[PDB]
Amino acid sequence: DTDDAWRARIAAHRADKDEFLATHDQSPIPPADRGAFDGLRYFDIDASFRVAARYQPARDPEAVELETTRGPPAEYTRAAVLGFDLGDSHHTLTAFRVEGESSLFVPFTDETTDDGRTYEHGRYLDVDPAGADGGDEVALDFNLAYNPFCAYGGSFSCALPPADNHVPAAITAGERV
């Protein structure tokens, strides 16, 4: 519940992910790059990007498809809208339900996408859904934003964020390029 515990949790995740990427046979870092790999690059932790979002579940969960970088569209269900403030501006993102996954999938772009500090196709956030009867407020921590596998140069097919999931602000938290 404390700031120090939150920060330690983020640091532990980042360290553990670096070790997996560096050493595991199932790492998405391509073999050619695994030798020189020295860890992912991140923005420093910034609590201004850990925000409370209003959770607004889709009234009639609808089957939707997102385009992918390779091959056929990915199938998801439109699950919710998440509404949140960054500074003095209000923003919304659509969250998607992925079959067999409990967390919602929130692909997005922002101003760092445009200025080249983060991955050009966008980043991903996983958001754990509120209570099912009937939740309304969830933790949106952009310090946990991460790159699609195709950012690392492998031949993966990754879902592209919808254009509606652009956030007109510089989200200087999470994984960079």
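Method of determination, as annotated in the archive: X-ray crystallography, at 1.900 Å resolution.

Caption draft 1: Structural detail: the environment of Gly 122. Its location among the elements puts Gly 122 in the loop between helix 3 (111-114) and strand 5 (123-127). Residues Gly 122 and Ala 151 lie 29 residues apart in sequence; the distance between their C-alpha atoms is 9.3 Å. Each residue touching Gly 122, except ones within four places of it in the same chain, is listed here: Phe 108, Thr 109, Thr 113, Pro 148 and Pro 161.

Caption draft 2: View of helix 1 (residues 3-23). Its 21 residues give helix 1 an end-to-end C-alpha distance of 31 Å, which sits within 8% of 30 Å, the value for a rise of 1.5 Å per residue. In the core, the buried residues of helix 1 are packed alongside strand 1 (50-66) and strand 6 (137-141).

Caption draft 3: Quick look at the domain arrangement of the protein chain. Split into domains, the protein chain comes out as domain 1 (1-38) and domain 2 (39-177). Here the C-alpha centre of domain 2 lies 20 Å away from the C-alpha centre of domain 1. With 13 residues of domain 1 at the interface, the matching set in domain 2 holds 20 residues. Between domain 1 and domain 2, the buried area comes to about 1400 Å², and carbon and sulfur atoms account for 60% of it. Interface area lost by domain 1 to domain 2 is led by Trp 6, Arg 14 and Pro 28, which between them contribute 45%. On the surface where domain 1 and domain 2 come into contact, there are one salt bridge. One salt bridge in this structure joins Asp 38 and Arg 41, with 3.8 Å as the shortest N-O distance. Considering every element that reaches the side of domain 1 that touches domain 2, the biggest residue donor is helix 1, with seven residues. Residues of the side of domain 1 that touches domain 2, tallied by class, amount to seven nonpolar, no polar and six charged.

Parameters at a glance
- Each chain carries its own residue count, beginning from 1 and running in the order its sequence is written; this scheme need not agree with the entry numbering, and residues with no coordinates do not appear.
- By convention in this description, side-chain values take in all heavy atoms of the structure and omit both hydrogens and water.
- In this description a helix means any DSSP run of H or I spanning at least four residues, a strand means any run of E spanning at least two, and both kinds are numbered starting from the N terminus.
- Throughout, a residue-residue contact means that at least one pair of heavy atoms, one from each residue, lies within 4.5 Å.
- An expected span of 1.5 Å times one less than the residue number is assigned to each helix.
- In this entry, domain limits derive from an automatic or database-based domain assignment.
- For any pair of parts, buried area is found by adding up, for both, the accessible area (1.4 Å probe) each one loses once the two are put together.
- In what follows, salt bridge is the name for a side-chain nitrogen of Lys or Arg lying within 4 Å of a carboxyl oxygen of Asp or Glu.
- Throughout, the ten residues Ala, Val, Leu, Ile, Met, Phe, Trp, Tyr, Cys and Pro are labelled nonpolar, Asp, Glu, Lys and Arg are labelled charged, and all others, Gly among them, are labelled polar.

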